[PDB]
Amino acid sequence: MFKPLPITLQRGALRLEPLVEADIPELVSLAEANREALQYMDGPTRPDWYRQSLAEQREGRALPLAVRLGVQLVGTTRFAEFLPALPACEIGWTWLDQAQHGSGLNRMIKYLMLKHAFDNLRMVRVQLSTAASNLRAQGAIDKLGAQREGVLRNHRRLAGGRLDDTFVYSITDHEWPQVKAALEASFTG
């Protein structure tokens, strides 16, 4: 019996709050201005993508989050692919407005969600995955301390519809205390 509940996470001006329908126009618009950075995820420029993340939430298959800095929307991320009997999930489907590319915002987001996943939901496993072609995301997930677990062939389509492989990484609950220590050792006080 695992049922995910809505969560807001904060640190300073950074707030992760449950995605609602009233956010979709602004997020779609911001994603479109970030079209070229989104070449490795197919969906964030279409309104349907956010409606389907809300549908999955309605069946308790996801907790999609809007990312705000102060008042302004800045992007999205989600917990998803719940394995309720473990419990396990996946974190990803993240994008940020290019004004935040390289400020440690992405790493702070993964930290907040990882901590919530392991410390509060007692996940035994958090999966992270990305396109085989998305080298930047592979390096950021490695620096998280996740371990690559495999490469799934012909497993996703990029923005043009080209077939790509998927790199799959995970953190287990027993290694999380070490991962957590190293992540918080990396944050500016």
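Note that residue numbering begins at 1 and tracks the sequence as displayed.
Exercise. Per the entry, where is the mean C-alpha temperature factor higher: 35-43 or 124-132?
Worked result: Result of the comparison: 35-43.
For this session: Taking the mean of the C-alpha B-factors per stretch from the entry, tell me the winner out of 99-107 and 80-88.
Result: Comparing averages over the C-alpha atoms only gives 99-107.
Exercise. Can you tell me which third, lowest, middle or highest, the CA B-factor of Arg156 falls into for its chain?
Worked result: According to the entry, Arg156 has a C-alpha B-factor in the chain's middle third.
Exercise. Which third, lowest, middle or highest, does the CA B-factor of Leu112 fall in along this chain?
Worked result: As the PDB entry reports it, the C-alpha B-factor of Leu112 lands in the middle third of its chain.
Exercise. Against its chain's modelled residues, does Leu183's Cα B factor rank lowest, middle or highest third?
Worked result: Middle third of the chain for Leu183's C-alpha B-factor.
Problem set entry | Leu54 by Cα B-factor - lowest, middle or highest third of the modelled chain | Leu54: CA B-factor falls in the middle third of its chain.
Exercise. How does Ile141 rank on Cα B-factor within its chain, lowest, middle or highest third?
Worked result: CA B-factor rank for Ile141: middle third.
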